[PDB]
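Residues per chain, in single letters:
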Amino acid sequence: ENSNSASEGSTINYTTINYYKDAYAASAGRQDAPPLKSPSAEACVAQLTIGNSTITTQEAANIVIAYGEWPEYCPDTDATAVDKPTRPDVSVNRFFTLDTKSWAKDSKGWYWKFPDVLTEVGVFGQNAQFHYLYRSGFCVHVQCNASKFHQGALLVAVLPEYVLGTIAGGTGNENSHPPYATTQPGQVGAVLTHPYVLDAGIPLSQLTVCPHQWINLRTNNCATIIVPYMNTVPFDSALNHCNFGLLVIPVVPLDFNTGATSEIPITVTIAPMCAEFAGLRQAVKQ
Amino acid sequence: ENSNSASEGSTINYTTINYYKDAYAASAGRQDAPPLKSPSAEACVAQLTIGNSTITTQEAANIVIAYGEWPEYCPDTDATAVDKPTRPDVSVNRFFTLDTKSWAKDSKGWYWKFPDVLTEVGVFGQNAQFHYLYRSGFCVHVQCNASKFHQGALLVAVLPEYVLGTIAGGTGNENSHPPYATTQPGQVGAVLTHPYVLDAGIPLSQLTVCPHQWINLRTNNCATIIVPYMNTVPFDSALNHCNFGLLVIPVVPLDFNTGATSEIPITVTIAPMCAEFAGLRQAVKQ
Amino acid sequence: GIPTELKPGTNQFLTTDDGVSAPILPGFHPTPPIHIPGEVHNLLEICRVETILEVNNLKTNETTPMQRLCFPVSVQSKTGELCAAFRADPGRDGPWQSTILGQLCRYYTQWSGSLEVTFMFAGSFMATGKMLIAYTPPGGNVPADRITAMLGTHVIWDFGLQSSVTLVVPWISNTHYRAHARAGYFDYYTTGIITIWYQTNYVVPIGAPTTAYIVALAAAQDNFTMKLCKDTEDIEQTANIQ
Amino acid sequence: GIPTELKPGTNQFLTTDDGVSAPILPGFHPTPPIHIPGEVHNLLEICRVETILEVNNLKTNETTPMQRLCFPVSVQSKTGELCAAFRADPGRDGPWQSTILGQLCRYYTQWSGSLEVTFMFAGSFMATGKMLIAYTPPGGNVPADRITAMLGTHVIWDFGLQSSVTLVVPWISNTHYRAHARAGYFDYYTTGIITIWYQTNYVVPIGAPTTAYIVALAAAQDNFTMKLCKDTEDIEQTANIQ
Amino acid sequence: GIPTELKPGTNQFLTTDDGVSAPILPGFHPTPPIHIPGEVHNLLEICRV
Amino acid sequence: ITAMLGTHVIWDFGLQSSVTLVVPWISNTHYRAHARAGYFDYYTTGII
Amino acid sequence: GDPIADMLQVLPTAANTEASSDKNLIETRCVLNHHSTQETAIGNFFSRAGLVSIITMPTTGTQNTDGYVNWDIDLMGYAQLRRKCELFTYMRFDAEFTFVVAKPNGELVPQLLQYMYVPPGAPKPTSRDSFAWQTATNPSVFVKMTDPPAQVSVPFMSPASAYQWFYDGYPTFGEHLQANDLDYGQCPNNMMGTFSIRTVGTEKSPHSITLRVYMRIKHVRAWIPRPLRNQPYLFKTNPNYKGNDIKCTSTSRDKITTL
Amino acid sequence: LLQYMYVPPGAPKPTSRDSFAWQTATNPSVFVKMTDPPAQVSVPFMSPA
Amino acid sequence: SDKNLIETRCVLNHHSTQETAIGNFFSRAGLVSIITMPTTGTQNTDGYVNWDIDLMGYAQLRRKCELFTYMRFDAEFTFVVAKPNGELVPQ
Ligand SMILES: CCCCCCCCCCCCCCCCCC(=O)O
Ligand SMILES: CCCCCCCCCCCCCCCCCC(=O)O
Ligand SMILES: [Cl-]
Ligand SMILES: [Cl-]
Ligand SMILES: [Cl-]
Ligand SMILES: [Cl-]
Ligand SMILES: [K+]
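Under the PDB entry, the name given to chain F is VP3, and the organism recorded is Coxsackievirus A16.

Where the PDB entry is consulted, chain E appears under the name VP3, with the organism given as Coxsackievirus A16.

> Looking at this model, I keep getting lost on the overall build of chain E. Mind explaining?
Within chain E, the regular secondary structure consists of one helix and two strands. For chain E, the α and β elements follow one another from N to C terminus as β-β-α. Principal-axis analysis of the C-alpha atoms gives chain E an extent of 55 × 35 × 15 Å. Burial status across chain E gives 20% buried among its 49 residues. Accessible area for chain E stands at about 4,100 Å²; split by element, carbon and sulfur atoms hold 61% of it.

> What's the story with the sheet that holds strand 11 (residues 190-191) of chain B in this structure? I'm lost.
Residue and element names in this part refer to chain B. Ordered in space as 11-8-14-10-12, the five strands form an open sheet in which the pairing is antiparallel. Edge positions in the open sheet fall to strand 11 and strand 12 (212-216), since each of these has one partner strand only. In this structure, strand 10 (residues 151-160) lies alongside strand 14 (residues 244-255), joined through nine bridges in antiparallel fashion. Bridge pairing in strand 14 links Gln 151 to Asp 255.

> Looking at this structure, how should I read the environment of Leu 161 of chain C?
Residues and elements named next belong to chain C. Residue placement: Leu 161 occurs in the loop between strand 11 (153-158) and strand 12 (164-169). A residue is classified by how much of its surface remains accessible, and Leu 161, at 75% relative accessible area, is exposed. Along the chain, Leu 161 and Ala 127 lie 34 residues apart, while their C-alpha atoms are 9.9 Å from each other.

> It is not clear to me how the pairing of strand 15 (residues 211-220) of chain C should be interpreted in this structure. Could you clarify?
The side chains of a regular strand alternate between the sheet's two faces. All names here are of chain C. Among the 10 residues that make up strand 15, eight are buried, leaving the element largely enclosed by the rest of the structure. As judged from the four bridges shared by strand 6 (residues 71-74) and strand 15, these two strands associate in the antiparallel manner. Residue pairing in the sheet places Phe 71 in a bridge with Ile 214 of strand 15. Here strand 9 (residues 115-121) runs beside strand 15; their pairing, made up of seven bridges, is antiparallel. Bridging across to strand 15, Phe 121 finds its partner in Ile 214.

> Explain the interface of chain D and chain I here, please?
Many structure descriptions define interface size as the accessible area lost when the parts assemble. The interface is formed by 49 residues belonging to chain D together with 30 residues belonging to chain I. Both sides of the chain D and chain I interface together cover about 3,200 Å² of buried area, and 57% of this is carbon and sulfur. Run the count over chain D and chain I and you get zero salt bridges. On inspection of chain D and its partner chain I, the count reaches 19 residue pairs in polar contact. Counting only elements with at least two residues in the side of chain D that touches chain I, the list comes to helix 1 (44-47), helix 2 (100-105), strand 6 (108-112), strand 10 (164-169) and strand 14 (225-229) of chain D.

> Help me understand the interface of chain G and chain C, please; the structure alone is not making it clear to me.
Opposite the 78 residues of chain G that make contact, chain C presents 88 residues. For the pair chain G and chain C, the two sides together bury roughly 7,100 Å², of which 58% comes from carbon and sulfur. At the surface where chain G touches chain C, the tally comes to three salt bridges. Its salt-bridge partner being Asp 18 of chain C, residue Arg 216 of chain G comes within 2.3 Å of it at the nearest N-O pair. Our count for the contact surface shared by chain G and chain C stands at 52 residue pairs in polar contact. In terms of residue count, strand 9 (residues 209-225) of chain G provides more of the side of chain G that touches chain C than any other element does, eight residues in total. The residue inventory of the side of chain G that touches chain C, partitioned by class, reads 40 nonpolar, 21 polar and 17 charged.

> Sorry if this is basic, but what is going on with the coordination of the potassium ion (ligand 7) here?
As a benchmark, a tetrahedral metal site with four donors has ideal angles of 109.5 degrees, while an octahedral site with six donors has ideal angles of 90 or 180 degrees. Residues and elements named next belong to chain G. Every protein donor of the potassium ion (ligand 7) is listed here as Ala 14 (O), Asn 16 (OD1) and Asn 33 (O), and their distances to the metal cover 3.0 to 3.1 Å. By relative accessible area, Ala 14 is classed as buried at 3%. Taking relative accessible area as the criterion, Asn 16 reaches 39% and is therefore assigned partly exposed.

> Would you explain the site of ligand 2 in this entry?
Residues and elements named next belong to chain I. Inspection of the region around ligand 2 gives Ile 53, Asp 54, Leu 55, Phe 77 and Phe 79 as its neighbouring residues. Residue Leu 55 places a main-chain N or O atom 2.8 Å away from an oxygen atom belonging to ligand 2. Alone, ligand 2 offers 600 Å² of accessible surface; in the complex the protein occludes 47% of this. Its residues placed into classes, the shell around ligand 2 shows four nonpolar, no polar and one charged.

> Would you take a moment to explain the environment of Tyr 213 of chain D for this structure?
Structurally, the position occupied by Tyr 213 of chain D is in strand 13 (residues 211-220). Separated by 184 residues in the primary sequence, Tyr 213 of chain D and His 29 of chain D have C-alpha atoms spaced 55 Å apart. Every residue in contact with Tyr 213 of chain D, bar those within four places of it in the chain, is listed here: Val 252 of chain B together with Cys 70, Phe 71, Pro 72, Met 120, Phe 121, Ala 122 and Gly 123 of chain D.

> What's the story with the site of ligand 1 in this structure? I'm lost.
Residues and elements named next belong to chain G. The local shell around ligand 1 holds 17 residues, among which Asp 74, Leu 75, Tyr 163, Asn 190 and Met 192 are the closest. Here an oxygen atom of ligand 1 and a backbone polar atom of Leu 75 are 2.8 Å apart. For ligand 1, whose free accessible area comes to 600 Å², the fraction covered by protein is 95%. Those elements giving two or more residues to the shell around ligand 1 turn out to be strand 3 (88-102), strand 4 (112-118) and strand 6 (150-154). Across the shell around ligand 1, the residue classes tally to 15 nonpolar, one polar and one charged.

> Got a minute to help me understand a nonpolar patch on the surface in this structure?
Taken together, the side chains of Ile 17 and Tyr 19 of chain B, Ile 2 of chain C, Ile 2 of chain D together with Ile 2 of chain E define a hydrophobic patch exposed on the protein surface, amounting to about 430 Å² of accessible area. Counting through the fold element by element, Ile 2 of chain C comes out in strand 1 (residues 2-6).

About the criteria used
- Residues numbered from 1 in each chain as written, not as in the entry; some residues may be left out.
- Chains lettered and ligands numbered in written order.
- Part of a larger assembly, values for the part shown.
- Heavy atoms only, no water.
- Helix = DSSP H or I, 4+ residues; strand = E, 2+ residues; numbered from the N terminus.
- Buried < 20%, exposed > 50% of the residue type's maximum accessible area, 1.4 Å probe, protein only.
- Areas by Shrake-Rupley, 256 points an atom, 1.4 Å probe, with all protein chains shown as cover.
- Pairing = 2+ DSSP bridges.
- Contact = heavy atoms within 4.5 Å.
- Buried area = accessible area lost by both parts, 1.4 Å probe.
- Salt bridge = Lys/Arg side-chain N within 4 Å of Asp/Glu carboxyl O.
- Polar contact = N/O pair within 3.5 Å; in protein donor to acceptor, adjacent residues only side chain to side chain.
- Nonpolar A, V, L, I, M, F, W, Y, C, P; charged D, E, K, R; others polar.
- Donors = N, O, S within 2.8 Å, 3.2 Å for Na, K, Ca; no water.
- Near = heavy atom within 4 Å.
- Patch = residues over 30% accessible without salt bridge, like charges linked within 9 Å, V, L, I, M, F, W, Y side chains within 5 Å.

Pasting the structure below:
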C-alpha cells in the first residue's frame, strides 16, 4: 500500500478498511491550560524586554499564549525553500509602537493586519521588502489607561486569516469587494463599519473562540497576546498575505461623568518574534 | 500461477493482485555517472588503438559511453540462433574513415546510419554481406579542426532507431515516404532538410537526451562516443535494419573573419566493436 | 465464480456509509503536512470555550445589535429587584444562540452535562454591590421574586470585589440526555431558568456612572457531550450562492 | 450464496483503476526479455538530463527555428547591459517548453525542487569576458538594471576562462510544491526571473568575430519531483491520424 | 475483480432474514442502560405465570 | 513613531511612581571627552 | 575559546462527578458518567456526504445544450457543507465524490456518460468530441445513468499543507487597484481545476441530464476554530453579507426580565 | 430516483421537492432507484432515556 | 548543488518519486480505437468489422509511448460500447 492518506503523518491512529493500493482510497474508519481557552503564560511590576525595548505589565498569568504555542523559527522538517535564511534578531525582534487611537463613547472598533502593520517600519520593514519569504510570531500589547471612575471593556483578539467582506451594496445584489486600503490599512489600522459581524458575516460574540484578552477598565489597563506563526506554508510573502488580524472592539462602551478626562487613548505596541527572511533580491513595496 | 507476466525477469519486484492462473492477468501493483547524462569513460595526448589503427584524443573524461554500457558479444542467455558465430576480431574491429564533409556558415547538418555506413567497406562489409545475422557496438569519433579565431558548435549525437519522416507534400496531405537513398545513404551520409525537427517531427533541442558530445571549436576538436549494441533481438540483418543514426548538427553556426581558413572539414572515423556474424550463406548486397 | 446472493441495500447510496472507493490517482503522494498551531480533534474542545450570550436580546435593539452583547445594572430605589432572566437551554432559541456552544449544539439532537455562565461586570472600579444569581431547576416559570429564587441553586456575587463570577448550571435532569427543549412536548427537556437579582444594591460615590453593564459568557464543562449528529436550523439557502 | 450488497461505484469503468482482468490466453508464455541498454524506471531520470532552452524564442525567427537554439553576446559600447531575460517556470509557455524537462513537467500538475541552467559560450578561443547571471526570486518584474539584479541569487561567469557555467536556481518557494504558473491567480506559483548581464564586456583581438552565441540548457537537480499526473497541453488532435 | 456468480434469492427481501445493514450514524453511542426491575428474556417466563 | 525605534522603556506611572531608564554605554570610542558644539560633538551620547 | 559570548483534550467519555466544577459551587453526589465523546470527533462530524454541485445538461435552452460541461471545481455553493467547513480556518482531507445522475424529474434512461478530472493546466474539452476525451492521462469514469451512482476517492491535492477557507491576501504582487479587488481572498492552493462531463457520443443525446455531486470528507484534520457564519451566504468566493438586513444571531423577546 | 432522509428532532424539514434541506450535509440520506432492491439501513437506539 | 553556489539551510525533503515511476505514468487507460458499425451508409453496414490492431491513431497515448524507443508490457483492454448518441439497447 502507498502511504498517501491525508491523515498520514498525524499523531492519531485510525482503523480503516481498504481494497486498493493507495491509502487515501480507504474508509474514514474510527480513532483507535487548553489551547483554545487562551492559555496564560503561567498555565503553559513585570517587565518584558526584547531587543532594545521594554514594556511593563504585571503578571505572567495575564499574558495569553495563542493556541498554547510559543513562536519558533521554522524547523528543518517543515522548511521547503533551500537558501539559508537571514535571522537579524535584535534589529527586528523588538517593540514597535503604532499611531494611537482615540476611544470615544460611540467608537465602533478597530483592526490591524499582520505583518502589514510593520512592512514600512524599521529594519523589520526593510527585510520584509527585500525578501520574497518572511515568517515570524508576534508579541501584541494593547494599552489603555483610564481612572477608577471610568468604565468600559475592550475585547482584544487575534483572528488568523481575517478575510473582510462588504455589505454587498446594502441590498446584497452587488458583488463588491473590500479595496486595498481596507484589507491592508497599514500601521494606522482601520475602523469596523459593522463590528457585530466583524465586517465579515461572522459573530463578534464568538470571537472569544480566538486568542484574546479583555481590557476591563476597572481591573486592567493592558492586554498582551503572544502569537505563533500560523499558515499552510512554512514561509510566505509579508506583502501579499496577512497571517492574522488584531481586533480591538469596545463590547461595553466607554463611559464616565462630565469633567473626568475624556481623552482616553488606545495604543498598540507589537514585537516580531523569531522573524526570519529568505529569497533575497531588490526591495519590493507591494 | 503461470509466470507469464511481461515484467517477469526484471530486477524490480512489484506487489500485485491476481484471481487467475496467468500472471499477466494481475494488476500493475506498486514497486516494492547516470546512464542518460552521457557517462564519460572515467565516470564509468591520449591514444585509442584498435586493430591496426590508432586515433589520438586527450582525455578519458572526454569519451562518452552510451547508456553507461560497453560493447560486448551476445551472451548465451540472450542468444537464440544456434550456429557458432564468427568473431573475426582485428579485421573488422578497427577504425574506418569515411568521406569528409565540408562545414559551411550555412550548413544544415548531417546524419549517417549504422551499420549501413560500412556494409560495403573492408572485411566488415564482406562479413555483413555473407551473413544473415550481424551484431556489434561502435566507437564513433568525429573530428573537426579550426583556429583559435574560428567559432562554432556541433552537437554530435547517437539516436537509436532513427526513423526518418517526410514533409508530407508540404501541405501534410501527401503520405509520402523517405526513399531508400535517404534512409540508408551509405558511407557518404546525408544532409538534413529540417534539422530543427531532425527530419522526423521531434525537437533537435531534446537530442541531448541521447548519447552525445559537443564539439565547441574554442574548447575541443573531436568527439568520441562508444555505443553498445541496442535492439529488441540479439542479432539482426546489417542490411535491412540500422540500429542507430549518428547526427552532427551545427547548433551554433560556423563563423570566422574573412581571410581565416574557410575550408573547415568534419571527418567521421568509426570502429565496429565486438562484431559477430551468423547464418552464413552467399554474399547479399541488399 | 463464488456463489453470492445480493441483499436489500444493494445499489443504494447512503451518505453516511463509510466505505472504500477506487482511488483516481495511482502512486500519488500529497504535500506533507507541516506543523500548524491550533489543531482541534473534537468539537467538545470548542464547546468548552466561553463565548458571549445575548441576554439582552430585545426586539428593540435588533438594528443596533452590539447592544445585545451586554446588559445593564444600576442604582435601585426598591430592593430585591430582578435584573435579568433567561432559560438555561443551550440549544434553544434565545440568548444561547449567540454562543458557539449553542451553535454547535444545533448540529446534534441531544446533549448532556453541566454548563457554566460567567458574568463580567464592566462598571467602574468605584462601583460596588452584590447580586444573587440563581439556577432554578424545572418545575415552574421565572421565580416571581428573590425570596423564591433563592430556594434554588445559586451563588451570591460581590462585583465590587471580583469583576467576574461563574455560575455553574449543574446537570440536573431526569433523563441522561436532553433533546433540545422548545414549546410543546419537548418542554419536557427544559433545563430550567437563570435569574440574576440585586442582593444589596449597585452603589457608587459622587463622580461615577449610575448605570453600568455586565457581559455574560457561556461554555460547557468537561462532563458535557452531544449525541446524534444532525443538520442545523441556523443556516439556510433560499437562492443561489453566486 | 454468500450475502453481499452492491455499493456505489458498481459497474463503473474508472480508467486509472488498477484491477485484475481475465487473461485471454491460458498457458501463454512471452518471448523472454533480453538485455537492452538504456532502460529507464522513473521519468525523473530524464528530467535530470539537460536539453536546450529556446531563450531566443522570437516571433521573428519562427520560420528559421534553428536560430532559437542559441542567443547572441557581442562587444558592448555601454556598460552593464542586459543580454537576455526569461522566467524560471519549468512548465510555463516560453523558453522552457523546448526542454524535455519542460515537456515532462506538462504531464504533471505540480513540481518541486532546484533547477539548473547551464550556459555554453560558443564564441572563439580568443574572445573573453564576464557575465553576471542572476536568479531573482518572486516579487517584481525583470530587474531594471544590473545593480538591481545583483541583489539576488547570482553567479559571475568568465567565459574566457570557462566555456560553460551552471546557474543553480535553488528551490525558494512559500509552498512545498508549485502548480504551473501562468497569468492570473496562478502567478502565485511563479519561480522568479533569470537575467544575464555583461559584468565586464565581450572582448576580442583583431581577427575574431565581434558577435558570438551562447547555448542555454536546463535540467532538474536530484531534489526535484513532480506530482498529480495529467494530460499535456502540448499535443492535440484536430483530425484523423491516417 | 473476484469471480462471483449471483444465486437464486438475489435481491429478495425476506422479513426474517438476520443480516447486517449499513449504520446511518457513524460514531453514535446510545444512552447507557440503567437497571430496571422486571426484565424478561424468554416468553416462557410469562407462560408460567 | 520615530523615537520608538531606539532604546526605550514604556512606563505606567499609574502603577509605579518611579521608573528608571538605563542609558547603556553605546559609543565608538572606549571613552568620551565631554561633548560640545564643534568637533567634540563627535563624543555626544545621544538624546533622551 | 569563544571570542564573543553573546553568540488529548477530549477523552473517550464525559468527566465523572465526584461526591462533595459543580462539586465546587453546589454539593454533589458521585456519578459514574460513561457518555461517549466519539460522535463529536471531527471525523464523524465531517464524514457525511453533502451536496456540493448540481450540473445540468439540458437539450433545450441557452446553456450547456451541446452534451458536455466543464465545471470549475468550487465547493462553496451550498450552505450546509460550507458552514460546517468554515467552522475552521484550515482543513486537510481526502474526499469521496459520488455522482447521482438522472433526468430533471428523477427518471433514469440507458445513457452512457463520461466524467473526467481535468487538473489545472490540462486541456479542457471544447466539444462533445474533443480530443481531450481520449483521456490517456487524466482519470475518467464511464458510467451509465442506470448504474448505481459512480464513486471515487480523491486524495489531498493542494500544493499547500491544507486547504484554507480563509486567505487574507492577494495571489500576486502588484498595484491592487479597485478594478481588480476580485483578487482579494483568492487562494490558488484551493484551485483544483475542472470537472468535465459529457454524454458519450458524436451524435446528440435526446435526454436532458442533471448531475448531483456529493462529497464526503475523510481522513480529516482541522485547525483554528472561528465564529460560525451568522448571515446568509451571497457569493462563493467571499464572505460578503447583505448590509441592509444584518441578522441578529439570537431570536428576540420583549423584555430582558420575562421569557 | 428517490431520496429518503432522516430528519432528527430539531433539524429543518424539507418544505418542497427542492428545499435546501435535501443538501443533507449532516443528516443521513439514502438515494435509491425504485428498480433497485429495497433500501435498507440500521438505526441505533436513539432515545434520551 | 544549491549548497555549492548559494548558502543553504537543511531541508528534510520527503517528497515522493513514486508518481513518476513509468508504471504510474503509463497504467492509465487511454483511447486507442473507435470502431463503428452503422446500419446505414457505405461502410461496415453488415453487422461485423475486422479491425486491424494498430494503436497509433490517437495522439495522447501515442506521444506518451513515443517518449521511449522500446516498451514491453501486458495490456488491459476495455470495450465501451453504445449507440452513436450514447444510448444503450439490449444487443
Ligand atoms: C474521474 C472523476 C473524478 C473527478 C471528481 C472531481 C474532483 C474535484 C477535485 C477535488 C478537490 C477537493 C478539494 C476541494 C477544496 C475546496 C476548493 C474550493 O472550492 O475553494
Ligand atoms: C477477446 C477480445 C480481446 C481482443 C483485444 C484486442 C487484442 C489486440 C492485441 C493487443 C496487442 C497489444 C500490443 C500493441 C503493440 C502496438 C502495435 C502497433 O500499433 O504498432
Ligand atoms: Cl463594506
Ligand atoms: Cl522530406
Ligand atoms: Cl471519444
Ligand atoms: Cl438537491
Ligand atoms: K469518565
